[PDB]
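Analysis of the macromolecular model
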Amino acid sequence: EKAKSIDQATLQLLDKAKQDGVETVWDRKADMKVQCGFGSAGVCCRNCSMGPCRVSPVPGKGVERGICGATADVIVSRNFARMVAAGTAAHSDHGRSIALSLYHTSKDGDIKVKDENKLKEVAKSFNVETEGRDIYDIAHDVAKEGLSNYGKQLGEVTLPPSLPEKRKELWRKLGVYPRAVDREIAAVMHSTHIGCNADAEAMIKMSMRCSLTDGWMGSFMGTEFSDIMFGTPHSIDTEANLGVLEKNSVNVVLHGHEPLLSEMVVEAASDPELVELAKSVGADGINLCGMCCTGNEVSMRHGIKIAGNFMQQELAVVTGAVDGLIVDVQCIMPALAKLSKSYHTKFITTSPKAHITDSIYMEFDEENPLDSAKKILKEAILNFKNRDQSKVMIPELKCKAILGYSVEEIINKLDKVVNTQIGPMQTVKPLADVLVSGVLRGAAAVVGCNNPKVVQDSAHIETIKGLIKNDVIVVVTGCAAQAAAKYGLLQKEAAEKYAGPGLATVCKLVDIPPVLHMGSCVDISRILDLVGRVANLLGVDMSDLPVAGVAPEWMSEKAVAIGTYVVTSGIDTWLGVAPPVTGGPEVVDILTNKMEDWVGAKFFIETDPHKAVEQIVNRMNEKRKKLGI
Amino acid sequence: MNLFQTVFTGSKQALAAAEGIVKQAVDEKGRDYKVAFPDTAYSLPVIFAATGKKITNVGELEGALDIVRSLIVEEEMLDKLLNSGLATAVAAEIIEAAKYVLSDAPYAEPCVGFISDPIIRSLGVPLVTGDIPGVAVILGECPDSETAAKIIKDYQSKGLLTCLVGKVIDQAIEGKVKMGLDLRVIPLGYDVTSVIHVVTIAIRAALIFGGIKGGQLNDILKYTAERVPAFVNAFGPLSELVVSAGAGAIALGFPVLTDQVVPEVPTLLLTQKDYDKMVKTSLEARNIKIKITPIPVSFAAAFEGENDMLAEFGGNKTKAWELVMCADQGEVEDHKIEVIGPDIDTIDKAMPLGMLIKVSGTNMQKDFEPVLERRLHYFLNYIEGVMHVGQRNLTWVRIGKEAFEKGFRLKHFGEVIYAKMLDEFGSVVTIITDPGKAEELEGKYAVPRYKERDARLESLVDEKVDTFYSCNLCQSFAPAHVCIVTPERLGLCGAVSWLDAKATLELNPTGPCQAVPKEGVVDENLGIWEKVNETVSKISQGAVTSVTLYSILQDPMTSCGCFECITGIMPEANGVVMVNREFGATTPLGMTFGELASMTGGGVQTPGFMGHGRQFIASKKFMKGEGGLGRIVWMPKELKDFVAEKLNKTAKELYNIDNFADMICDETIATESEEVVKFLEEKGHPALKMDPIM
Ligand code: SF4
Ligand code: SF4
Ligand SMILES: [Ca+2]
Ligand SMILES: [Ca+2]
Ligand SMILES: [Ca+2]
Ligand SMILES: [Ca+2]
Ligand SMILES: [Ca+2]
Ligand SMILES: [Cl-]
Ligand SMILES: [Cl-]
Ligand SMILES: [Cl-]
Ligand SMILES: [Cl-]
Ligand SMILES: [Cl-]
Ligand SMILES: [Cl-]
Ligand SMILES: [Cl-]
Ligand code: NI
Ligand code: NI
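- Per the PDB entry, chain B carries the name CO-methylating acetyl-CoA synthase and comes from Clostridium autoethanogenum DSM 10061.
- The deposited entry bears the title "Structure of carbon monoxide dehydrogenase/acetyl-CoA synthase (CODH/ACS) in complex with acetyl-Coenyzme A from Clostridium autoethanogenum".

- Under the PDB entry, chain A has the name Carbon monoxide dehydrogenase and belongs to Clostridium autoethanogenum DSM 10061.

**Remarks on the domain arrangement of chain A**
Residue and element names in this part refer to chain A.
- Taken as a whole, chain A is organised into domain 1 (58–233), domain 2 (234–404) and domain 3 (407–629).
- The C-alpha centroid of domain 3 is placed 22 Å from the C-alpha centroid of domain 1.
- With 44 residues of domain 1 at the contact, the number on the domain 3 side is 41 residues.
- A per-residue breakdown of the area domain 1 buries against domain 3 is headed by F80, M83 and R167, which together make up 17% of the total.
- Across the domain 1-domain 3 interface, the total number found is four salt bridges.
- Across the salt bridge formed by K594 and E201, the nearest N and O atoms sit 3.0 Å from each other.
- Along the contact surface separating domain 1 from domain 3 lie 19 residue pairs in polar contact.
- Every element with two or more residues in the side of domain 1 that touches domain 3 is listed here: helix 4 (72–102), helix 7 (165–174) and helix 9 (200–230).
- Among the elements that make up the side of domain 1 that touches domain 3, the one with the highest residue count is helix 9 (15 residues).
- Residue composition of the side of domain 1 that touches domain 3, grouped by class: 22 nonpolar, twelve polar and ten charged.

**Focus: the site of ligand 2**
- Near ligand 2 the following residues occur: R374, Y378, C471, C474, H481, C483, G491, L492, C493, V496, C560 and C562 of chain B.
- Of the residues that constitute the shell around ligand 2, the class distribution is nine nonpolar, two polar and one charged.

**Thoughts on the sheet that holds strand 7 (residues 309–314) of chain B**
All names here are of chain B.
- With respect to topology, three strands assemble into an open sheet ordered 7-11-10, the strand pairing being antiparallel. Of all the strands in the sheet, the pair left with one neighbour each is strand 7 and strand 10 (386–390). In this sheet, adjacent strand axes meet at a mean angle of 10° when their direction is disregarded.
- Note: strand 10 against strand 11 (residues 395–400), five bridges, orientation antiparallel. Across the sheet, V386 pairs through a bridge with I399, a residue of strand 11.

Rules behind the numbers
- Along every chain, residue numbers run from 1 in sequence order, not necessarily as the entry numbers them; residues that have no coordinates are omitted.
- Labels are handed out in written order, letters beginning with A for the chains and numbers beginning with 1 for the ligands.
- These chains belong to a larger assembly; the values given apply solely to the chains on display.
- Only heavy atoms go into the side-chain values, all of them from the structure, while hydrogens and water stay out.
- Residue ranges assigned to each domain were obtained from an automatic or database domain assignment.
- Residues count as neighbours in contact if any of their non-hydrogen atoms are within 4.5 Å of one another.
- Accessible-area loss on putting two parts together, using a 1.4 Å probe and summing over both, is the definition of buried area adopted here.
- Basic side-chain nitrogens of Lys or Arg form a salt bridge, by our definition, when they fall within 4 Å of a carboxyl oxygen of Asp or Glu.
- Any N or O atom pair separated by 3.5 Å or less is treated as a polar contact, with the protein-specific requirement of one donor-capable and one acceptor-capable atom, and with residues adjacent in sequence counted only for side-chain atom pairs.
- Under the scheme used here, helices are H or I runs from DSSP no shorter than 4 residues and strands are E runs no shorter than 2 residues, and both carry numbers assigned from the N terminus.
- Under the grouping applied here, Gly and all other residues not named as nonpolar or charged are polar, the nonpolar ones being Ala, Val, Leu, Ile, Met, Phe, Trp, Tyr, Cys and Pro and the charged ones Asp, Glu, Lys and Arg.
- Nearness is defined per residue: one heavy atom within 4 Å of the molecule or strand is enough.
- One requirement defines pairing of two strands: DSSP has to find at least two bridges between them.
- Comment: axis = line fitted to C-alpha atoms, over the contacting stretch for helices; angle = value between 0 and 180 degrees taken between N-to-C directions.

Dropping the structure here:
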């Protein structure tokens, strides 16, 4: 049997899960046996009741077309586009909720404007005045202009400045320039409907246009507005892995993606009444932990310890020390409702967007957010009284990590390597300098979730370690960033242990780890911003720089939308899990070949992380030669 | 070509040049001819450092060419580039060693060529002691002799050892530069390879002073990078060979700064086109800090202590003010030395002085500024004939006639401030003599900055601190003064607040403001903590052992000399009196402010008398051990009116007195003790019904 994970804490609790007689994502993966091959190759269509239909992924043999006459390439391309539309929708609702919060800020209100400087700069992008006006009047105007990008039917959408004009004109020439966020989702869902688009090239171009409304808009707006209200991240210390849970404290684990609830549970944990309540139940205090993106958002701004990533969520409950597991939306395995019944843990659902049967439902009132968070957190604190300390088992394994590397913080840190009499301040010139000089052979972004098809964290760690050894600075987000935090790569000490000659030298000068944690996946917009800033400073397009993106163990439809907008933005993307495209020869050719001729970048599917690292380094050298660097 | 290919190319050219010269030595002197450098105990230093072997004959010198070949590995990775640079250094040594074989004395004045070991010994000690702050390796050609001489004379002015190679030697001569070992300007040679003659100085410093042995290349490269303060200044067009040589300098940890457009590498390879800034750029690039830092009159700590004045500004005569604000926009952020108002020259017989400073450099916090307002007092005091006292809005400066005779101008004020700000606040980084601008600006930015500043400790109480801060900056004049600082007891100078002292420790960890943990509580009314006494004993050197924070009679806190107000005991009125520096008349104690000051300061424990700022008056911990502010009996009208509502409220919180100020006597009512006690009896001061003060 293949190993389930590389992390020792994860393997320890997996044994406990077996002894306790509970099901895990690995058990359910095994139960699925040989998964379907039509669904795997993407040649199964259920877009109308004339179906279901299943064509042959092998051209020449089997059924050639669907009942409507749709060829395999059409079926595959429509299935792929719907994944992008769904992924874009997930990020769209996230950012939309943030923009609505920005519209309800107040001087003496629960949600305030913490970073005024950032809001002023963001107002310039939306053409909102910032002279002699109340900061909340500017915030509401910026929120209204941001909300327009979700559903404006007339006029043009507002894109961030970091985006090069060369890239914008290229999208225009190709016909993939972005329209309103929700409008594009409708366009994909419409053309994928029966009797509409039946051309692989056109469908894949429509999905790319939709994906752009995710990266340069919803995810970008979501990140920008979050930094305004909750603060822009700066270098901060934290601890990662399930060892962060404390046996004599109230363990409240925040899982999900929305940041406002997590931000309020943090503020609620400081309420004297709730601090005393934790003592009344007999606890050391309130131990706040996070998981997945929501845990990243709170750890980036408040250093809140990270309990774990996607496939570790069930094992956090298995410790028997989680008193309350508060969730919102995105990647909250429904299995947690049944699993929590075997332990004292109170699985609380708070979003009307994500109701889970058999879970305690405490709606998070967005009108009285702090009072709402206090009421939810109180239930988790009171549940400490129902703990069975005899069945508790927290692996004695945690790891130190540094995060909070926003573009502003990366720039602030780079200013320490700039002479007061030559280079300008607050610019990305030092990073472009090392990239052009050749000390840093390139810059890779390792992002992604976790999939049972791959050994948990194995591809993430093997890819990151391999890229940093070959002098390629690595930036991480989401579960990939958490995977690196647990292993110990998000440390200053990791540069001498795992980085190459050039990268270890740069780490010593800039005083940074060899791997930079830039946040959640909505924070992948920071990667686009950073790369875009380097492109503009060097007067070139994003496709001209020696950069690359990697998704070693993805699974979410969000990951497909991310990958698509990363490639459409001009950055080559590598996938560690093969998407359902095998059955469409034209679709495979488009994604892994013709795309290079449309956006200057393409997809690369590679399950072996060692081969992927070689391919990335070679591709970067190829782009360096074309640029003469 | 990219930086890598350029370096490889130049290294191959260096090897090709070393193969050609070595062939001449084998064909002309044979493979057994002795190869050696003049008076050196390390044969070929570079080869000796890398291999630990000594080259004695032409045959062995031929074999050393394989070391050059082994160091050139055309693979684009940093280590490979640096080794390629070391290959160029080894090739240059071979070329120069061969020069001494084909000619007994290949060099002649001005050029020196090889530097003998006795010179390394002679220069090595001052290098270690820091008397030679840096080694400027100037290489190439300048646009004109005027810019070459300008730079060389500037480096030599800071005591740096300048070494010249190339056409820059001829330019230094043409520009009338004094060259010699005693003059710290050594011309090594016209060829690029002669740069190796300064590289051997750094390598031999590692072998002689560093005590490292041959073959320990990594240890030698670490010694040069961390202990030899050298840097390269390459001017004019750079060939691939020169770039390759620059990689060798970078391999020894020496930054290369050039005036040409090259692929810049932060902190290692830089491009500065402004020749008038190349010196400051290079000194910063190699962390060389010069002790000497634009004003005809002398500037030093000797003029800190302190004839009539040409112009006086501030105090109780004109409205002057000082303000340091950190802001990235709103105005031109630069070394703009600007004076907006009637200049001092206009004055014919014995004006305001607005001082708004703006700094927006990286890593500058909005609560870090106060630490700047304080340092202005020190910078302005060091100016010969100028004195600065008072804190922010209430500031007093008196310019001296000598300075006017020296022709000093307000322009030099802006220069001294900016120049000292970059020197001291380097890691974290406008005069108005016109009434109108002084007015608006006073309240447009300063008052706000202040109000927000005071607002911090406005409601804060010592009830929640875990550590106090001890300052010893006043120890220059008062050798036993250790100023403890609390959110309620402020620095006697009136500027440093418990928070500014916190910021001072963040900026200068080894500065005057140091942490003192609040442990061993003995008394809360008198303020006696076992650690607080202990830390004072260490700084005072055994002079001050026991101390109280809220008591003027029992073991009081020592006073320095920057106190704006003084508080003296008046037993006949069962209270105390107060006097401000502005008051020039006698007090009930029969003493003037200057006479009182000579009884409080000097870093001595003086029971009954103490020095404090204008804020402590209203503080609850003011003489609380003696009854608090209730003891204040006499006070000048000027100070009374200023601190009137702040005392009337704090007094109500304690004795419920609603018009304490009205109960206080002043020079208007009477000064004589007998008349003051009569006024106190008529009104009914609490001090009369309080317990005996002594
Ligand atoms: S879209 Fe075509 S292949 Fe799919 S279910 Fe409908 S008729 Fe069948
Ligand atoms: S009076 Fe006190 S706080 Fe002020 S400079 Fe002197 S020792 Fe420091
Ligand atoms: Ca922006
Ligand atoms: Ca001798
Ligand atoms: Ca090799
Ligand atoms: Ca001339
Ligand atoms: Ca020239
Ligand atoms: Cl198992
Ligand atoms: Cl179960
Ligand atoms: Cl339990
Ligand atoms: Cl920039
Ligand atoms: Cl491993
Ligand atoms: Cl000397
Ligand atoms: Cl250096
Ligand atoms: Ni003093
Ligand atoms: Ni003093």
